[PDB]
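Those protein sequences? They're chains A and B, same order as listed. So the mapping is simple: the working numbering equals the position in the first sequence, first residue as 1, plus 82. So the mapping is simple: the working numbering equals the position in the second sequence, first residue as 1, plus 306.
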Amino acid sequence: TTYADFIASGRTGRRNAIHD
Amino acid sequence: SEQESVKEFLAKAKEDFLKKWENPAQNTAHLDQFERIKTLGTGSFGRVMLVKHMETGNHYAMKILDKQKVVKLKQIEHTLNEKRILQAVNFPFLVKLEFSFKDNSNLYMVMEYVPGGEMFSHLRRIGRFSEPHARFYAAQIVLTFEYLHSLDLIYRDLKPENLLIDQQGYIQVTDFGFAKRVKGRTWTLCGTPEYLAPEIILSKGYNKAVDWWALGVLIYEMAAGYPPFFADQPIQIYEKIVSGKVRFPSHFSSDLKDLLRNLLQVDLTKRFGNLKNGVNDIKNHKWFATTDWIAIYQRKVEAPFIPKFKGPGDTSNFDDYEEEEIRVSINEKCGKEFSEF
Ligand SMILES: C[C@@H](N)[C@H]1CC[C@H](C(=O)Nc2ccncc2)CC1
Numbered sequence: 083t084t085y086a087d088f089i090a091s092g093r094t095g096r097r098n099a100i101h102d
Numbered sequence: 307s308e309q310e311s312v313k314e315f316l317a318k319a320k321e322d323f324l325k326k327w328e329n330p331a332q333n334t335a336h337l338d339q340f341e342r343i344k345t346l347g348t349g350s351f352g353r354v355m356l357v358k359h360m361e362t363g364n365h366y367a368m369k370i371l372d373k374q375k376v377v378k379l380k381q382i383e384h385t386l387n388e389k390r391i392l393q394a395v396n397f398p399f400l401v402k403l404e405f406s407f408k409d410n411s412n413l414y415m416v417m418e419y420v421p422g423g424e425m426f427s428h429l430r431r432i433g434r435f436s437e438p439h440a441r442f443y444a445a446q447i448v449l450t451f452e453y454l455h456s457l458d459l460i461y462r463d464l465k466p467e468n469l470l471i472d473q474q475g476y477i478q479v480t481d482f483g484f485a486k487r488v489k490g491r492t493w494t495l496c497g498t499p500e501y502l503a504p505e506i507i508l509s510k511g512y513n514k515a516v517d518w519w520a521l522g523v524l525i526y527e528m529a530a531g532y533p534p535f536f537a538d539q540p541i542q543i544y545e546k547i548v549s550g551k552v553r554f555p556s557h558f559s560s561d562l563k564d565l566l567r568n569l570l571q572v573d574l575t576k577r578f579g580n581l582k583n584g585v586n587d588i589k590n591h592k593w594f595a596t597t598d599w600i601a602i603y604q605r606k607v608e609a610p611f612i613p614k615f616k617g618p619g620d621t622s623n624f625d626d627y628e629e630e631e632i633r634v635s636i637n638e639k640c641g642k643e644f645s646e647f
């Protein structure tokens, strides 16, 4: 499932803004 | 007549904004007036801490930015924008700035402490919000952007990390680090990768329509539990955003799918919020048929979720961070760059 793919991904934590 | 009332309210709110915009408050407190308790969150330039005002016993959240770090990251104008805008705005769903000041090392902004924690924490723990819960939050953001955009402001960093839940279960938008007052187009590549509109990635020059795209992403993430475009690498996320390809989970209502196709429209001249009816295309959409916009504004609707609060100074709705000392140099750093702060 997409949910399982998301939960196993590297981006489930707090996401930093980009500046550059 | 409802539309005319909104219009009159906004006309007055613009006049109040402009007097503060033109004559900003400066240096309204000093560090030693505050007892530092605990760190509530971090960013690239510093951190936000729970503090107590000794003269009044009131608790606040203090944002601390290291001037040398801001210069190194070329965020001087963005930081000046943030403070100038935040001191001038007044709206029920915007965090209130109470004091600002600076010393030799740091910039400081002292805001109301919002104890319910970040939407992000609750969303990750529960998994996803039901459509009515998501709708309640979305309404508040729609009204907030109506206010902001009428003042020529673009917000540019909508995401659950930046949305705080108060005692009454309503949202407060914090972190104005990328907000900018601008009449025409602007070009800076800034924001968070999952939330960026295609016109930002494509270097096209862009306007307020980027906030409406970001609201599409937020609504999807709240209702699905994950964002419409995710991947382990930012470059991979950008590919997905520009492609024009969205899949909706099968549990989305047909009305929600419809809203979302119109907000996540790669074509600017077709995106809800950027057509001739402006924000009214969003507010008149079927998905929002049960929303009483005035009741939301007045905070009279019962919130679907109220955070547990165990008295003043309680931080149990926030994660723990490592604590770091606040070092204040004996030499003034970067005085000219920040003279207007
Ligand atoms: C972009 C993120 N890194 C950032 C989100 C806002 C957060 C904050 O202001 N927290 C807060 C403010 C007022 N009251 C309680 C918490 C700090 C971290």
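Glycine included, each C-beta is placed from N, C-alpha and C at the ideal position.
Item, Value
"Touch test, the stretch 471-480 of chain B against the stretch 391-405 of chain B, Cβ-Cβ under 8 Å, three pairs minimum", "yes"
"Assigned secondary structure, B/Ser635 (DSSP; H/G/I helix, E/B strand, else coil)", "coil"
"Short Cβ contact (7 Å threshold) for B/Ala485 with B/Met417", "no"
"Any non-hydrogen atom of ligand 1 within 6 Å of B/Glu341 CB", "no"
"Residues that B/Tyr366 bridges to, as DSSP identifies them", "B/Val357, B/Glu418"
"Per-residue burial, B/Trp493 [other beta carbons within 10 Å of its own, 16 or more giving buried]", "exposed"
"Proximal chain A residues relative to B/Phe426, where beta-carbon distance stays under 8 Å", "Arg96"
"The stretch 377-393 of chain B contacting the stretch 578-589 of chain B, beta-carbon criterion three pairs below 8 Å", "no"
"Cutoff 6 Å; reference B/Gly347; Cβ partners in own chain excluding five residues on either side", "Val354"
"Residues that DSSP places opposite B/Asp372 in a beta bridge", "B/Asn412"
"Identity of the residue in B/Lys616, B/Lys546, B/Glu545, B/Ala444 nearest B/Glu527 by Cα", "B/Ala444"
"Ligand 1 heavy atom lying under 6 Å from the CB of B/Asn468", "yes"
"Proximity to B/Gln571 [Cα-Cα], best of B/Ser307, B/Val448, B/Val516, B/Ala601", "B/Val516"
"Which of helix, strand or coil DSSP assigns to B/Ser427", "helix"
"Any non-hydrogen atom of ligand 1 within 6 Å of B/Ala367 CB", "yes"
"Local conformation of B/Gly497 per DSSP, three classes", "strand"
"Cβ-based burial, B/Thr450 [other Cβ within 10 Å; buried from 16]", "buried"
"B/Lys369 burial status per 10 Å Cβ neighbour count (16 or more: buried)", "buried"
"Short Cβ contact (7 Å threshold) for B/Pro610 with B/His439", "yes"
"Paired residues, beta bridge with B/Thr348 - DSSP", "B/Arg353"
"Heavy atom of ligand 1 within 6 Å of B/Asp481 beta-carbon", "yes"
"B/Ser560, DSSP secondary structure in three states", "helix"
"For B/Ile612, three-class secondary structure by DSSP", "coil"
"Rounded Cβ spacing between B/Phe535 and B/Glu500 (contact assumed at less than 8 Å)", "6 Å"
"Completely contained beta strand (DSSP E) runs for the stretch 457-505 of chain B, where each covers 3 or more residues", "469-471, 477-479"
"Bridge partners - B/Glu341, DSSP secondary structure assignment", "B/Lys358"
"Cross-chain neighbours of B/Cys496 in chain A, by beta carbon under 8 Å", "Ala99, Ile100, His101"
"Selection from B/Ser350, B/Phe407, B/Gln374, B/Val357 that minimises the alpha carbon distance to B/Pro330", "B/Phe407"
"Helix, strand or coil at B/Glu629 [DSSP, three-state]", "coil"
"B/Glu467: contacting residues in chain A (beta-carbon distance under 7 Å)", "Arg96, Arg97"
"Chain-ordered chain A contacts of B/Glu629 [CB-CB under 8 Å]", "Chain A residues near B/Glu629: none, gap ~18 Å exceeds 8 Å."
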